[PDB]
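Peer 1: could you work out the structure for the sequence below:
(9 chains, ligands or ions: 1)
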Amino acid sequence: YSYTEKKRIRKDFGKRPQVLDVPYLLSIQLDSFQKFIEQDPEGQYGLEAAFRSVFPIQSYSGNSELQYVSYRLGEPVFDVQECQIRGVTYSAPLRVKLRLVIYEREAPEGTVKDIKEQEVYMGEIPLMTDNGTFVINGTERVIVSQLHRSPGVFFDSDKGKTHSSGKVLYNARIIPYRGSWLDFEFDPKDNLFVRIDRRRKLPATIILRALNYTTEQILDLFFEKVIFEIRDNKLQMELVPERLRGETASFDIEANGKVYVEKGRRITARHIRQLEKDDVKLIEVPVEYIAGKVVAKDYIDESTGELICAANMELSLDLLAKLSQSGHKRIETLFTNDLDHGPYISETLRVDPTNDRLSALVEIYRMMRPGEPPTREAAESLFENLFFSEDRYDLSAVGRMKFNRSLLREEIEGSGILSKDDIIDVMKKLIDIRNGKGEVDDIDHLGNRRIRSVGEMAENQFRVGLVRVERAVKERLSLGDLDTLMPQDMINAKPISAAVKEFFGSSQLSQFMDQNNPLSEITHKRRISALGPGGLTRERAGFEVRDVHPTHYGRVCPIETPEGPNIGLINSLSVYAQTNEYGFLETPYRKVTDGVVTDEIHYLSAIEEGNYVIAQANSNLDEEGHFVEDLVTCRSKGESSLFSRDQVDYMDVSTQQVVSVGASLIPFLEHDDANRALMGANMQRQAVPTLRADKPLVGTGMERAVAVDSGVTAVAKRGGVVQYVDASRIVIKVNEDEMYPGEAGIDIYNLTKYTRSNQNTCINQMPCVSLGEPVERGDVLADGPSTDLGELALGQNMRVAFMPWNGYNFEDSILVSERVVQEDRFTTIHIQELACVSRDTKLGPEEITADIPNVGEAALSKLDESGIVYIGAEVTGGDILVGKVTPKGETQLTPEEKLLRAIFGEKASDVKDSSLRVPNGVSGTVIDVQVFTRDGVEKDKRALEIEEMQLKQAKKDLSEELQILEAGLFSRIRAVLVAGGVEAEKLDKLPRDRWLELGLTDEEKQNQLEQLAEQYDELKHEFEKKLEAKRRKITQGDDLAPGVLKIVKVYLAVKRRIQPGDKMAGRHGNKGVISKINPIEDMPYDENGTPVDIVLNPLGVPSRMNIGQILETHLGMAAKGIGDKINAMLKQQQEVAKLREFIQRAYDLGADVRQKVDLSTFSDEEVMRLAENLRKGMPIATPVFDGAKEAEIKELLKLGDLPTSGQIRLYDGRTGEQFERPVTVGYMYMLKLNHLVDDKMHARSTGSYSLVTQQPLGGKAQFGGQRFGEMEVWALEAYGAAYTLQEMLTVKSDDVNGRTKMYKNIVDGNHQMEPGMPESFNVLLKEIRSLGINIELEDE
Amino acid sequence: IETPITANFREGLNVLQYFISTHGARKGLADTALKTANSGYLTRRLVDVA
Amino acid sequence: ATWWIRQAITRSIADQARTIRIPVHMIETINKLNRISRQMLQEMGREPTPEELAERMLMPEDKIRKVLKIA
Amino acid sequence: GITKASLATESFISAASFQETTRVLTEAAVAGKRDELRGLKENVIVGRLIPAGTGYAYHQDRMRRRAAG
Amino acid sequence: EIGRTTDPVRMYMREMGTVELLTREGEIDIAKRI
Amino acid sequence: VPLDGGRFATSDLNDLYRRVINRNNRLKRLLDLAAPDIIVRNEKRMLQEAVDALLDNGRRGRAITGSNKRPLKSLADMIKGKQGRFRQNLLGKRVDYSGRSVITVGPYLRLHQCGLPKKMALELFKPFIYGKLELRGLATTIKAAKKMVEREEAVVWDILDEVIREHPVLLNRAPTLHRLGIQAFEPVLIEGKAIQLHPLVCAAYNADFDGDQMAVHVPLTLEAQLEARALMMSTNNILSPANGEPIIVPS
DNA sequence: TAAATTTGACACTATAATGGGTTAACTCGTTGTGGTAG
DNA sequence: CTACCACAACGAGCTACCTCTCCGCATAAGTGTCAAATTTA
RNA sequence: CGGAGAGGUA
Ligand SMILES: [Mg+2]
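Peer 2: Residues are numbered from 1 along each chain as shown, chains lettered A, B, ... in the order given. See the structure here:
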């Protein structure tokens, strides 16, 4: 155990010994973008691949080319926090070394005339933060992966679309990574057709002819030949015996002297076997057998010179007689059957009206571009560019692999374009599927869907920008001057930057981050969206793709998805699920060998998983040897069954590998229903962080991993001893073994204090380590917003009794006591940012001043001389934040105030009130004021003071950084010199800074001494340079929007407490709303006198089938009872041995628990600290599907001196009577969701109106009115409610005269209406008249 | 499916039975929204006709 | 004929391209600005500032004139 | 059917507000139809009292003033 | 042919393409006629 | 119309009209210029395409897209459709004097009472409070009443209690499937931010207390008040209209 | 209003340049053509 | 001559509410007289 | 004060 968990050890009830640790939860995004950025010259990934795929480029002649050399990313101008503050993209400049070589035309190959190379600047690609996040325009964005259909070939069939026949129609499809599509399909008459790019249909032999194939070659490729021989006016065939299966003998199958078949007998398999055992080859036939057969090859007479019969025509008696009298003794015919060898190619050729290649090109031309006069070269160019061009067709080597796998080839590589053999093979496979050999492919099968991450998408968009700039540069280079034109002067950086910025700012996948707690960020980055560019839509999906497929086992969680219209399109990646090199999803498996489950782990894809036999994770083992039982439950080929102990091939690595991160944090998931588990997993990521984070008593053990890997805490990079602890920063001194002889060995962790998050929540970093503590690497030093000693703490654990109470818990409603609101357990902090912009109007600039007219000193008590509220002043609704004032305009000026304008001064009545105020209901202090200005205008006294404070803080903290690091360096120098020699008093009798000139003979230790001195000099130099750079950066003016003078941003900090209307929920989907805050004296109290804090409703248990909450309640009571015993012992101050005994006894209580913790190793101080940390209750880890059982929880209840049933006797606090039945009581972990009544409630009497329809606006932010929809109109109609309907249609809505008359009359007390014609009706009349159709209100 | 889910919600389910029940849970959840939309359309048409 | 055809096309694009009609001289200046910006963006590796464009643009034009020239 | 009966209603405004507005409006324009405003939806659209419940009598009164004069 | 098409650009190019190009001297006689 | 950033946000109809007028003017120019026949034929064809795109974009052929690569909204699209004039501005309208809030359970009420919060009640009855304040003589002008209710004296609260007495309000929850989705209740002033419903009416509303929300409307005229009192009161519609059975049942 | 001046409009560039970019390609019922075969 | 089928095209898809971000994107050659509407005293 | 895109609640 490390020292960060010795403080508080969570008891684990799991029994399966985990072999594989939980991997880094943010591996997919980081790995993808690392591949995109990093230079891989062999495995071309990202920028290098696109650069090689576009460069080099020729001219239309070929006398000038641009050769790629290398590329490099510049250092970003601003930091992450700087970009967030300034609202600019955190990007890195891309500089590429490009070489232009010029060729002579006089020489055959004059390659050496002039070479010009330099660093061209193109584009500013955004960079990824250490937590997988992008910073665009100040906001923080996340790019989610996409599960899209793989490139390759997919055979499918429609399950009886044509209801008249009921036949099964098969269709093939060739999906490339980029290019045109291709669809082979059938018809009810069994003919095969081609659809190009889902256009109209043609007979598919058109493609064959376009590939330069004639009819004889087509028949040779598809149909195999039967040989008919005419000799002396009689007919024989060459017969291969394995052909008369399932057919009826039309003639007598005879031999030279043997009789086999009679009339009206089917050739059964035993007769065929007799045929192979008699060894006959030549079989005589009558003449009517040929009638019905089709000739394979054309036949032309050598004498007359014309074709009697070409390929593919039905032979008859007259035709065979003519051919026999012609003199062709050998006839090749196609072999046809009705069950295995069907005549489809011949039928398609018959329906085909095209003779040879050029007619096929004309026909495909008339398909692709109808209405245009065809030409030979145009058709040839279009057909060669549709499929056989390297720029308009590509499978990207992953479509090639699936393509060769689905056609049962061997190599997994090849060309990126289609070819003749590929088309022949795919259509042959389609024919075979039609015949009966083979099976169609599944669409939802996880072997056909690929994960496209951020790196691939960014590479594709960058390649689009590259082809745009490439087409431009190729056009410009071919005609302009060639000698004095630098390579950087043609390339415009605009298209590439536009492409990357569009992708990173306005895509369907680069979305706003949900970061109200670390769990939300983690479950947002591990997200797979089936929609997006090249994906499905909410209309393009039915029940087939939304539903769970058996191949999702271990790759995709089945119980984490939005429950609205995105029920199956937004999936969550599993825990151990990695990604393949091609993008497929693979899972770990423990490899078993002849019965022993070895620790070797293999990663298996979806197609390989169905081959072997996989054992379940809940199978018991003997000393990590063989299985216990003989018949183990296993799964194979998508179905589960029983198998022997020697037939297995793999075992599940752990029982947690099926569920995702979010669903694995819910204790007792195995008892909950699927629906309520889904709801709990969905609501766990909306929990607002509270004021003081508190650990859950019943955990799972995954809290630590989620907290550490979320990148929200402050993990220690290198272990050591903490040197200086503060509320703002941590100074740590590294150990000797983990420290480079170059550096000082001092690390500084800065802590973020009260920064606004995306969802207006506060983000704070509270240090958890105290002064003088040895901490190793991987230890948490500062807890984030929802972390407690490195464990995710989303909510608070509270006392709960399950009992109905006077109707206040009626339908999921929750009654809460006053202890919860007094102790501010659910009091949150909301930091809200308000912005005021000083626009440059058309009559003068907007000034910010304290001289606001028509306002007294009562509203200006918070404003300073510059008109900005002081930091720290508490502000209420309607108060003035900044005193921005704007001119009105000559139109808004009245003649009365125009006279005094030129007499009493211009600054008299020219301006009006346009100050920033507080939205109603908002309160709280001011914590931060940022004043951004335009470069060129003097700001005010306030902004000068702001920048003075900024420079002072920067210089102070950066100087303190230097001082601490140099103190550590001098300490290292002292340690090194005393490791060399013996000098103790002479160092401390001399100034600390003068510890460098002392020395002796030169050796290695003197060498790192000199290296340390050099690092000191470089340290102070970098100090000075970064100080100067920071000063210049802060003294310069920001680049604002055009027409903007200055922007004032004010941060308010509201403190929100709970009130009737605030939603709460547990972790088992038992959501509810607060109904009443109850005084503590009325609460039902137990025998001891402790009142229950919250009273829930029991009826939500049976109907929703979430028993995990009851078991969690009992487990929480047991844990809190043990913790109460510990607290009582500590308060009595008994001993150190007794506490050690009791804690050890409580730890080793499970039956076959995985962990083994022993208290003899721990010292007395560790025991005391542990007991102090457990005095509030012992945390318990309950893994999903492998958690504690009823016997264990009852043993815990017995140890803690609680009734085993979990139910205690309550007394009514209001009256003192005893409740007739025992009531289940225990501690449950409740959250506080982000649906607050403050943000939900809204009211409006009369406000602003729209322009076109002139009815009141809609929205709380813009003070709108509620819509009275069509359904409610029908309801009032059904009542017969005429007058209310009329008043809601005319006078409370878009009728200008009626509503102002209504206001005037109600102000006068008379309650009467005067309706009028609504404006929307006249809008409709004018629109329909503009349609050109005369409509009018016909009087009478 | 041939083999049924033998265990109840008190004894706790294993991995595969829970995985099986997810199918019905998701199908019902989607059918709820689909039938809601269809009922809304039918109600609109019926209100119009009469 | 090429001169006349190009002149007619560019004059047509200078009167009917946008919702709001801008005079031909202003459109020429807008380009006299677009090219300069691109030239300077290529030369320096970053987008120009208004003062740099004032320095490089013209003898009678200053920061305010071209600031007004930006829409 | 319900859709066809609703579209074939004698009032073109109700049909236009229901479905297939283009076709219904074209048919009404070519036929030179006219609306008598007898349905509840028509008066909801135009902005008068519905001929049902409390307002019904008023409409009847209006009718008995339009017919008798 | 004059059939299933709706793009004005396609039709315009179709009628435009029925007229052949002029040589170095064809323009001379055309200008002489003018 | 201009926006807050100085930029304008015009309608697509301006673009369509610009197209049509430009092509018509150029046709007139060519006609007076004696252009060849193919030229005037092309100009006439594009004029026809401008016109029909104006009438309805995606009807004849390819829809004319604007700058953001989306088809433009024609007059026919502003007439018909789910978001057209008929189904979004003539049948259903946005209404003044309307509020919205989350609901909790009130067990001490009757069938004809609803617990309205004080702030929503003050905002809804603002013209009524102005009128009664003016009648009583505590305010001289409408502006004085505005500022007085804006700083919420106790006399304002007393007059608000006087105004709401025997003044029913309509509670409404969407989707209103059947006619019982809207009902008239007498208001009772409560401190808080949630409308308190009666437990028995939750079956008619199909309303659960898990965060559900509903809207409040205020009848203004006398006919509307009697309309809500005699026809819409929760004590009148006891039996369901679908079948003759009571709907207010213990649950 | 007389006069200034930056805007606004229109007319004119004389080597030879000769056919354009492109997007994405459920389910269901009703209506109208377009043959089809005997 | 006209009873019949298979394609193409068109119109349809609950309700209400809340939050956030985006919308003159890669492309373009300058001079020269004449009128004229906004600008100083 | 508009329109699109993304997400969330009932
Ligand atoms: Mg609800």
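Peer 1: ok, and residue 31, which helix or strand is that part of?
Peer 2: As the question left the chain open, I've gone with chain A. Element membership of residue A:31, judged by DSSP states H and E, is helix A:27-37.
Peer 1: can you look at chain E instead?
Peer 2: Assigned by DSSP H and E, residue E:31 falls within helix E:26-33.
Peer 1: and that helix with chain C, contact?
Peer 2: No: contact of helix E:26-33 with chain C (C-beta under 8 Å from any C-beta of the partner chain) is absent, the minimum separation being 10.2 Å. (Each C-beta comes from the backbone N, C-alpha and C, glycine too.)
Peer 1: only alpha carbons, please: show that helix as CSV.
Peer 2: Extracted in CSV, the C-alpha atoms of helix E:26-33 (Å, rounded to 0.1, in the frame of the first residue of the first chain):
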residue,chain,number,x,y,z
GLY,E,26,-12.1,33.0,-91.2
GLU,E,27,-12.2,35.9,-88.8
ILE,E,28,-10.6,38.0,-91.5
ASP,E,29,-13.4,37.4,-94.0
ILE,E,30,-16.0,37.8,-91.3
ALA,E,31,-14.6,41.2,-90.4
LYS,E,32,-14.4,42.0,-94.1
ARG,E,33,-18.1,41.3,-94.4
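Peer 1: phi and psi next, for residue B:27.
Peer 2: phi -60, psi -40 (degrees, to the nearest 10).
Peer 1: so who does the closest residue in space to it that isn't next to it in sequence touch?
Peer 2: Nearest in space to residue B:27, with sequence neighbours left out and distances taken as C-beta to C-beta, 6 or more residues apart in numbering or on different chains, is residue A:547 at 6.5 Å. Applying C-beta atoms under 8 Å, 6 or more residues apart in numbering or on different chains to residue A:547 gives the contacts A:444, A:568, B:23, B:26, B:27, B:30.
Peer 1: chain center to stretch A:391-408: distance?
Peer 2: The offset between the C-alpha centroid of stretch A:391-408 and the centroid of the whole chain comes to 27 Å, using C-alpha atoms, centre = their mean, to the nearest Å.
Peer 1: endpoints of it, how far apart?
Peer 2: Distance between the two ends of stretch A:391-408: 27 Å, counting by C-alpha to C-alpha, to the nearest Å.
Peer 1: list the buried residues in that stretch.
Peer 2: Neighbour-count burial for stretch A:391-408, with 16 or more other C-beta atoms under 10 Å in any protein chain shown as criterion, is recorded at A:393, A:394, A:395, A:396, A:398, A:399, A:400, A:401, A:402, A:403, A:404, A:406.
Peer 1: return the subset of these lying in strands.
Peer 2: A:393, A:394 (DSSP state E).
Peer 1: would you turn the buried residues of stretch A:391-408 into JSON lines with distance to chain F?
Peer 2: Supplementary listing: the buried residues of stretch A:391-408 in JSON lines, determined by distance: C-beta to the nearest C-beta, whole Å:
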{"residue": "A:393", "distance to chain F": "25"}
{"residue": "A:394", "distance to chain F": "24"}
{"residue": "A:395", "distance to chain F": "28"}
{"residue": "A:396", "distance to chain F": "26"}
{"residue": "A:398", "distance to chain F": "29"}
{"residue": "A:399", "distance to chain F": "28"}
{"residue": "A:400", "distance to chain F": "33"}
{"residue": "A:401", "distance to chain F": "35"}
{"residue": "A:402", "distance to chain F": "32"}
{"residue": "A:403", "distance to chain F": "33"}
{"residue": "A:404", "distance to chain F": "38"}
{"residue": "A:406", "distance to chain F": "36"}
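Peer 1: quick one: the buried residues of stretch A:391-408 as a markdown table, columns for distance to residue A:494 too.
Peer 2: Listed next are the buried residues of stretch A:391-408 as a markdown table, based on distance: C-beta to C-beta, whole Å:
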| residue | distance to residue A:494 |
| --- | --- |
| A:393 | 29 |
| A:394 | 26 |
| A:395 | 31 |
| A:396 | 28 |
| A:398 | 32 |
| A:399 | 33 |
| A:400 | 35 |
| A:401 | 37 |
| A:402 | 38 |
| A:403 | 38 |
| A:404 | 41 |
| A:406 | 43 |
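Peer 1: mind listing residues that contact the helix holding residue A:31?
Peer 2: Taking C-beta under 8 Å, 6+ apart as the criterion, the residues outside helix A:27-37 that touch it are A:24, A:45-47, A:73, A:128, A:132, A:143, A:145, A:451, A:453-456, A:458-459, A:525-526, A:573, A:578-579.
Peer 1: next one: the closest residue to residue F:43 other than its chain neighbours from chain E, what distance?
Peer 2: With C-beta to C-beta, 6+ apart as the criterion, residue F:43 has its nearest non-adjacent residue at 4.6 Å, and that residue is residue F:27. Note on residue F:27: its distance to chain E, by C-beta to the nearest C-beta, to the nearest Å, is 14 Å.
Peer 1: repeat that for residue F:51.
Peer 2: According to C-beta to the nearest C-beta, residue F:51 and chain E sit 14 Å apart.
Peer 1: so which strand or helix has the nearest residue to that residue once chain neighbours are set aside?
Peer 2: Closest residue to residue F:51 apart from its sequence neighbours, by C-beta to C-beta, 6+ apart: residue F:20 at 6.1 Å. Taking DSSP H and E as the criterion, residue F:20 maps to helix F:12-33.
Peer 1: what residues of that helix count as buried?
Peer 2: Buried residues in helix F:12-33, defined by neighbour count with 16+ other C-beta under 10 Å: F:12, F:13, F:15, F:16, F:19, F:20, F:22, F:23, F:26, F:27, F:30.
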